[PDB]
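Remarks on the structure that follows.
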Amino acid sequence: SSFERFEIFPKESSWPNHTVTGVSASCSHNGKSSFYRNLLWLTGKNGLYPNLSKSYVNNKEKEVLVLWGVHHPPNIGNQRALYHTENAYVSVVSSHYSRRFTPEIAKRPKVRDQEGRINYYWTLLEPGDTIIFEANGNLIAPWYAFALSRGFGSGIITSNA
Amino acid sequence: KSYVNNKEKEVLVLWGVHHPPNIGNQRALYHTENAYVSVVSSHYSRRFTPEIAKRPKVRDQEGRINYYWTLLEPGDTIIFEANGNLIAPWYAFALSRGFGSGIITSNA
Amino acid sequence: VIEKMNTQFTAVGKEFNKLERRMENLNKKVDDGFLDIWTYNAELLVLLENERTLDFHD
Ligand SMILES: *[C@@H]1O[C@H](CO)[C@@H](O[C@@H]2O[C@H](CO)[C@@H](O)[C@H](O)[C@H]2NC(C)=O)[C@H](O)[C@H]1NC(C)=O
Ligand SMILES: *[C@@H]1O[C@H](CO)[C@@H](O)[C@H](O)[C@H]1NC(C)=O
């Protein structure tokens with residue numbers, strides 16, 4: 001009924017201690033390497049990838065859909081180039097949610113022109129709850145989130161009409 | 001290892017992971033304790049590790065072997081990696097699936 | 001015949017993954033079951049109502 005796309009973690013003020021740039025050829029737009037608009041790929045700055053810690057409080061009377069991902073490098077050199085620790089993990093918790101994720105580094109068959117992968121994860125945050133994000137590497141951070149007000153269920157229909 | 005599905009069929013690939021009852025067994029067969037296996041394909045990814053533990057006997061064994069599988073689509077590839085505890089695919093099945101039917105249990 | 005049909009807002013389609021084939025097949029079983037029941041009943045109901053209607057008029 002309502003899908004507000006709001007910036008959950010404003011780019012400039014939320015992450016001043018690391019890199020908020022970085023694109024992929026596989027997401028190229030109009031010939032330029034690019035990336036997703038609702039997610040921010042985070043990498044280190046000047047050799048550092050600080051432990052990250054963020055907390056979002058759902059101050060809206062809406063559920064908030066929070067998206068994030070985890071980077072899964074094709075190899076060690078890629079993980080080291082972007083993050084400066086091999087024993088990387090991310091962790092996401094809320095009053096009633098808890099997951100811990102680690103990268104799975106492996107050679108993989110190419111898809112598009114990539115050997116690595118990014119997994120996507122999500123949760124619905126209830127009004128008044130909080131999501132705490134932590135990471136020491138491989139985080140694709142939520143940038144935008146959606147404040148939702150759900151209607152009677154309807155559906156996804158596939159058609160070229 | 002890498003297998004390319006060069007048949008116009010899905011290929012069922014089976015493999016397993018050894019789960020020793022103890023450390024001495026894992027060391028006797030594999031020479032690293034931090035063993036893992038990894039299986040990936042364009043649209044598949046799993047990483048497995050052994051879980052070493054004393055277990056009640058089944059048959060006369062204390063350890064276990066878990067079995068895993070995937071269906072490889074035509075043109076795709078499965079890459080297998082391991083530094084221990086691998087029960088490797090040897091044979092695989094090139095499948096052409098019909099209309100679903102069933103498993104029936106009977107001594108007729 | 002028309003008014004007693006319960007029409008509710010619905011969401012018929014469901015999505016399933018590669019390893020959720022049993023669930024997909026149950027979902028299909030449910031759709032085929034309901035469809036055969038409604039088709040059988042609709043065909044049979046109309047044939048029975050038509051016999052009664054023509055007899056009614058005679
Ligand atoms: C958006 O969709 C288009 C259409 O499928 C993608 O364009 C193809 O990109 C591949 C390389 O990844 C080329 O080999 C194809 O020839 C392209 N198709 C056409 C019709 O030009 C595009 O890459 C997608 N973009 C994003 C960001 O996902
Ligand atoms: C950035 O690092 C400095 C120490 O060099 C620290 O005082 C500051 O609080 C950090 N800022 C953020 C947003 O983490």
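Chain labels follow the order of the structure tokens: the first chain is A, the next B, and so on; residue numbering restarts at 1 in every chain, and ligands are counted from 1 in their shown order.
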
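Restricting the atom set to only C-alpha atoms and all ligand atoms, one finds that the residues within 10 Å of ligand 1 amount to residues 24, 25, 26, 27, 28, 29, 30, 31, 32, 33, 34, 35, 36, 111, 112, 113 and 114 of chain A.
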
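Residue list for chain C within 9 Å of chain A: residues 9, 10, 11, 12, 13 and 14 of chain C, counting only C-alpha atoms.
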
Could you write those residues out with C-alpha atoms, as an mmCIF file, in the first residue's frame?
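Dumped everything to out-v3.cif:
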data_model
loop_
_atom_site.group_PDB
_atom_site.id
_atom_site.type_symbol
_atom_site.label_atom_id
_atom_site.label_comp_id
_atom_site.auth_asym_id
_atom_site.auth_seq_id
_atom_site.Cartn_x
_atom_site.Cartn_y
_atom_site.Cartn_z
ATOM 1 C CA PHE C 9 -9.269 -11.368 -3.820
ATOM 2 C CA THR C 10 -6.577 -13.932 -4.483
ATOM 3 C CA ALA C 11 -2.933 -14.600 -5.252
ATOM 4 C CA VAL C 12 -2.811 -17.893 -7.103
ATOM 5 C CA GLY C 13 0.763 -18.330 -8.315
ATOM 6 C CA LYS C 14 3.578 -19.547 -6.065
#

Next on the checklist: Only residues of chain B matter here; which ones have an atom within 9 Å of chain A, counting only C-alpha atoms? Give them as a VMD selection string.
Outcome noted: chain B and resid 38 to 43 45 to 47 76 to 79 81

With C-alpha atoms retained, could you export that selection as a compact mmCIF listing (two decimals), in the first residue's frame?
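Contents of again-v3.txt, freshly written:
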# COMPACT_ATOMS: atom_id res chain seq x y z
CA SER B 38 33.83 -27.40 -1.82
CA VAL B 39 31.48 -27.81 -4.69
CA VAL B 40 30.42 -25.05 -7.03
CA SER B 41 28.65 -24.62 -10.36
CA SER B 42 27.30 -21.56 -12.11
CA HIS B 43 24.25 -21.65 -9.83
CA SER B 45 27.66 -23.33 -4.00
CA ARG B 46 28.30 -25.36 -0.89
CA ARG B 47 31.20 -25.69 1.46
CA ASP B 76 27.26 -25.78 -17.07
CA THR B 77 30.32 -26.94 -15.08
CA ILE B 78 30.95 -28.42 -11.62
CA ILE B 79 34.14 -27.58 -9.90
CA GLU B 81 37.82 -28.98 -4.51

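In this model, the gap between atom CA of residue A:57 and atom CA of residue A:17 comes to 21.8 Å.
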
Next on the checklist: I need the residues in chain A that are strand (DSSP E) according to DSSP; give them as a count of residues only.
Outcome noted: 69

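Non-sequential neighbours of residue A:52 (distance at most 12 Å, separation of 3 or more positions within a chain, only C-alpha atoms) are residues 14, 15, 16, 17, 18, 42, 43, 44, 48, 49, 55, 88, 89, 90, 91, 92, 132, 133, 134, 135, 136, 137, 138, 139, 140 and 141 of chain A.
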
Residues of chain C within 10 Å of chain B, counting only C-alpha atoms - could you list those as a PDB file with N, CA and C atoms, in the first residue's frame?
ATOM      1  N   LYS C  18      14.940 -24.923  -6.846  1.00  0.00           N
ATOM      2  CA  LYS C  18      15.415 -26.185  -7.416  1.00  0.00           C
ATOM      3  C   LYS C  18      15.243 -27.364  -6.472  1.00  0.00           C
ATOM      4  N   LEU C  19      15.425 -27.115  -5.186  1.00  0.00           N
ATOM      5  CA  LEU C  19      15.346 -28.148  -4.169  1.00  0.00           C
ATOM      6  C   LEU C  19      14.057 -28.098  -3.393  1.00  0.00           C
ATOM      7  N   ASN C  25       5.452 -29.706  -6.396  1.00  0.00           N
ATOM      8  CA  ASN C  25       4.545 -30.729  -6.837  1.00  0.00           C
ATOM      9  C   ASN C  25       3.327 -30.793  -5.945  1.00  0.00           C
TER      10      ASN C  25
END

Checklist entry - Neighbours of residue B:91 within 12 Å (only C-alpha atoms; same-chain residues fewer than 5 positions away dropped), as a VMD selection string? => result chain B and resid 3 11 to 15
